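# Residue-level structural notes
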Amino acid sequence: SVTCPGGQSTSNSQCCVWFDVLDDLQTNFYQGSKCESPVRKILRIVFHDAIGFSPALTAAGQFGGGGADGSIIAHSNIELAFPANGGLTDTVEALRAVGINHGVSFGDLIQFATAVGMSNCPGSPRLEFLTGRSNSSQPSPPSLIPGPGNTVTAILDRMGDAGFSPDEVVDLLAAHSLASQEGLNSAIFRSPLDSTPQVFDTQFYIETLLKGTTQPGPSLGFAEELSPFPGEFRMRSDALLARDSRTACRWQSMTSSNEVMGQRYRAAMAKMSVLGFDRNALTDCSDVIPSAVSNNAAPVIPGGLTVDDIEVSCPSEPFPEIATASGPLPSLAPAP
Ligand code: HEM
Ligand SMILES: *[C@@H]1O[C@H](CO)[C@@H](O)[C@H](O)[C@H]1NC(C)=O
Ligand SMILES: *[C@@H]1O[C@H](CO)[C@@H](O)[C@H](O)[C@@H]1O
Ligand SMILES: [Ca+2]
Ligand SMILES: [Ca+2]
Ligand SMILES: [Mg+2]
């Protein structure tokens, strides 16, 4: 182990630079270690950056993309033109300057920012952080990012090609527990995807399974479905994934334990963090990531709804026993 200039101990000298980056991101990018829009955006970026990897394209004699190579920043001119990459400009620009001023690769920076961002959100696991990804990259081919109107088959197909099994697709989606939408229905800008957009918990999995009864906006936008209460937005792909036979059971098993959800997501994320790379070539700097405060709230079916309102879709196991909150129906405020 080594002791960096500032006095912090670490297992590798290549981790030292990150303590400075941590200080920078928390102060400025995160505006005081907060769990607001900046974290959710970075979470969109890390997914959109890494999934630009496709062994099948490579098989068809084409460039399949370099994965988590930081290409979304390096080639933002091309990638930010992608339909799926709307609303990310200001975030890409802010990160570009951080990577430049610290001499760290874009690929590594995006991964670091994700782990650090999540620590500011109660309930989040301590994500793994590897460093050593090259700073060079080619722009990602278009159409490698799954969209909200895609069919479950198409989604599982794209993710499978990248290396994720259906279970892992459900695990990765835990990120929607700290999410809102800004571009699917602008009339309800920043409507949350679950009742706790600042808490990494199982509410997302529970709420997407409740019967859709409400139209939160003046109209139902593109790829929008009815949600269980005012202020909450339900994306079509989440709705289908929650109920599809190929993913239903994993989804349901994610409702009762925050601990299990965290562990699974963390594992899935570690796998996604190295798409396009060989982890044996990277250096482990996980010890730099701070812990997130604990979330002790129990998973609950909100607003007087009961298990009778849950559209059970898994045939092999009963819906688990969880708490029920008293009414009335909540009305979600926009995410910050
Ligand atoms: C089946 C794959 C997925 C689809 C189809 C999908 C689609 C979307 C869409 C359309 C939005 C709304 C963006 C907007 O209009 O502002 C969204 C938001 C979000 N997504 Fe995904 N997503 C998927 C997987 C994931 C994964 C794996 C992550 C990252 C680990 C993630 C993280 C986020 C976050 C945090 C937001 C919130 C952004 C914000 O509040 O500004 N999603 N997702
Ligand atoms: C990474 O590449 C960009 C150009 O894409 C450059 O401006 C930046 O300084 C490079 N960073 C490092 C750490 O080499
Ligand atoms: C529920 O009420 C909230 C405020 O408490 C709104 O944001 C939402 O659109 C709905 O009226
Ligand atoms: Ca990429
Ligand atoms: Ca949540
Ligand atoms: Mg009822």
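Residues numbered from 1 in each chain as written, not as in the entry; some residues may be left out. Chains lettered and ligands numbered in written order. Heavy atoms only, no water.

Method information in the entry identifies X-ray crystallography as the source of the structure, with 2.00 Å recorded as the resolution.

## Quick look at the overall build of the chain
The helix and strand tally for the chain stands at 13 helices and 10 strands. Taken over C-alpha atoms, the radius of gyration comes to 20 Å for the chain, in line with the 20 Å a tight globule of 336 residues would show. Overall, the chain is about 55 × 50 × 40 Å in size when its C-alpha atoms are taken along their principal axes. A burial count over the chain gives 53% of its 336 residues as buried. Within the chain, contacts between residues at least 6 apart in sequence are counted, and of these 71% link residues at least 24 apart. Surface accessibility of the chain: about 13,600 Å² in total, with carbon and sulfur atoms responsible for 52%. On the chain, the mean spot of the 19 positive side-chain charges and the mean spot of the 34 negative ones are 2 Å from each other. (Helix = DSSP H or I, 4+ residues; strand = E, 2+ residues; numbered from the N terminus. Rg over C-alpha atoms; globule rule 2.2 N^0.38 Å. Buried < 20%, exposed > 50% of the residue type's maximum accessible area, 1.4 Å probe, protein only. Contact = heavy atoms within 4.5 Å. Areas by Shrake-Rupley, 256 points an atom, 1.4 Å probe, with all protein chains shown as cover. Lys, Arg positive; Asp, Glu negative; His and termini not counted. Charge placed at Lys NZ, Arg CZ, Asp CG, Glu CD.)

## Considering empty space enclosed by the protein
Applying the stated rule across the entire model yields four cavities of 30 Å³ or more. In this structure, the largest cavity encloses a volume near 90 Å³. Lining the largest cavity are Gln 111, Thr 114, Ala 115, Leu 127, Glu 128, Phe 129, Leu 130, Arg 133, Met 269, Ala 270 and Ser 273. A total of three residues in the lining of the largest cavity trace back to one element, the largest contributor, which is helix α7 (residues 106-119). (1 Å grid on protein atoms, 1.4 Å probe; cavity = no way out; pocket = protein on both sides within 12 Å on 5 of 7 lines; lining within 4 Å. Points joined across faces, edges and corners; volume = space filled by probe spheres on them.)

## As for the coordination of the calcium ion (ligand 5)
Six octahedral donors around a metal ideally sit at 90 or 180 degrees from one another, while four tetrahedral donors ideally sit at 109.5 degrees. Coordination of the calcium ion (ligand 5) by the protein is provided by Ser 177 (O), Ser 177 (OG), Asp 194 (OD), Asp 194 (OD), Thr 196 (O), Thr 196 (OG1), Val 199 (O) and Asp 201 (OD), with metal-donor distances spanning 2.2 to 2.9 Å. For the calcium ion (ligand 5), the donor residues sit on a single chain with the sequence spacing S-x16-D-x1-T-x2-V-x1-D. You can see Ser 177 sitting in the loop between α9 (166-172) and β4 (180-181) and its partner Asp 201 sitting in the loop between β5 (191-192) and α10 (203-209), a full 24 residues away along the chain. Relative accessible area serves as the criterion here: at 6%, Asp 201 is assigned to the buried category. (Donors = N, O, S within 2.8 Å, 3.2 Å for Na, K, Ca; no water.)

## Some remarks on the environment of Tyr 30
Tracing the sequence through the fold places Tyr 30 in the loop between α1 (16-29) and α2 (37-50). Taking the relative accessible area as the measure of exposure, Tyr 30 reaches 1% and is therefore buried. Between the C-alpha atoms of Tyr 30 and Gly 117, which are 87 residues apart in sequence, the distance is 7.3 Å. Sequence-distant contacts of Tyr 30, defined by excluding residues within four places in its chain, comprise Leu 25, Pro 38, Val 39, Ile 42, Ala 113, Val 116, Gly 117 and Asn 120.

## Here's the deal with the coordination of the iron atom of ligand 1
Counting protein donors around the iron atom of ligand 1 gives one, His 176 (NE2), at 2.3 Å. Structurally, the position occupied by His 176 is in the loop between α9 and β4.

## Quick notes on the layout of surface pockets
For the largest pocket, the calculated volume is near 1,200 Å³. Considering the residues around the largest pocket, the lining is formed by 44 residues, among which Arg 44, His 48, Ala 84, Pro 146 and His 176 are closest to the centre. The set of elements that each furnish at least two residues to the lining of the largest pocket consists of α2, α8 (152-162), α9, β4, α11 (236-243) and α13 (258-272). At eight residues, α2 tops the list of elements feeding residues into the lining of the largest pocket.

## Observations regarding the domain arrangement of the chain
One can read the domain layout of the chain as domain 1 (12-145 + 269-296) and domain 2 (146-268 + 297-336). Once you take the C-alpha centre of each, domain 1 and domain 2 turn out to be 24 Å apart. Taken together, the contact between domain 1 and domain 2 spans 31 residues of the former and 31 residues of the latter. Roughly 2,500 Å² is buried in total at the junction of domain 1 and domain 2, and carbon and sulfur atoms are behind 54% of that figure. When the buried area of domain 1 at its contact with domain 2 is split by residue, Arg 40, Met 269 and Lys 271 rank highest and sum to 24% of it. Applying the counting rule to domain 1 against domain 2 returns two salt bridges. In this structure, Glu 182 engages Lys 41 in a salt bridge whose closest nitrogen and oxygen atoms are separated by 2.8 Å. Linking domain 1 to domain 2 there are 21 residue pairs in polar contact. Of all the secondary-structure elements, those providing two or more residues to the side of domain 1 that touches domain 2 are α2, α3 (55-59) and α13. Considering each element in turn, the side of domain 1 that touches domain 2 owes the most residues, five residues, to α2. (Domains from an automatic or database assignment. Buried area = accessible area lost by both parts, 1.4 Å probe. Salt bridge = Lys/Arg side-chain N within 4 Å of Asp/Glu carboxyl O. Polar contact = N/O pair within 3.5 Å; in protein donor to acceptor, adjacent residues only side chain to side chain.)

## Quick look at α13
In a regular helix each residue adds 1.5 Å, so 15 residues correspond to 21 Å; α13 covers 21 Å between its end C-alpha atoms and thus fits that length. Buried within α13 we find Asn 258, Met 261, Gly 262, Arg 264, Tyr 265, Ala 268, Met 269, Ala 270 and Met 272. Contact partners of the buried residues in α13: α2, α7, α9, α10 and α12 (248-253). (Expected span 1.5 Å × (residues − 1).)

## Comments concerning the packing of aromatic side chains
Inspection of the entire model under this criterion finds eight aromatic pairs. Judged by centre distance (4.7 Å) and plane angle (45 degrees), the ring pair of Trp 18 and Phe 112 falls under tilted. Note that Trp 18 is positioned in helix α1 and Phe 112 in helix α7, a separation of 94 residues in sequence. For the pair shown, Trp 18 and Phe 112 are each scored as buried. Centre to centre, the rings of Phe 200 and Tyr 265 are 5.0 Å apart; their planes meet at 50 degrees, and the pair counts as tilted. Of the two residues, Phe 200 is situated in the loop between β5 and α10 and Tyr 265 in helix α13; the sequence distance between them amounts to 65 residues. In this structure, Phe 200 and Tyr 265 share a single accessibility class: buried. Here the aromatic cluster, defined as three or more aromatic residues joined through ring pairs, consists of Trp 18, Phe 112 and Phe 129. (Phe/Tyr/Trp six-rings, centres within 6.5 Å; stacked < 30°, edge-to-face > 60°.)

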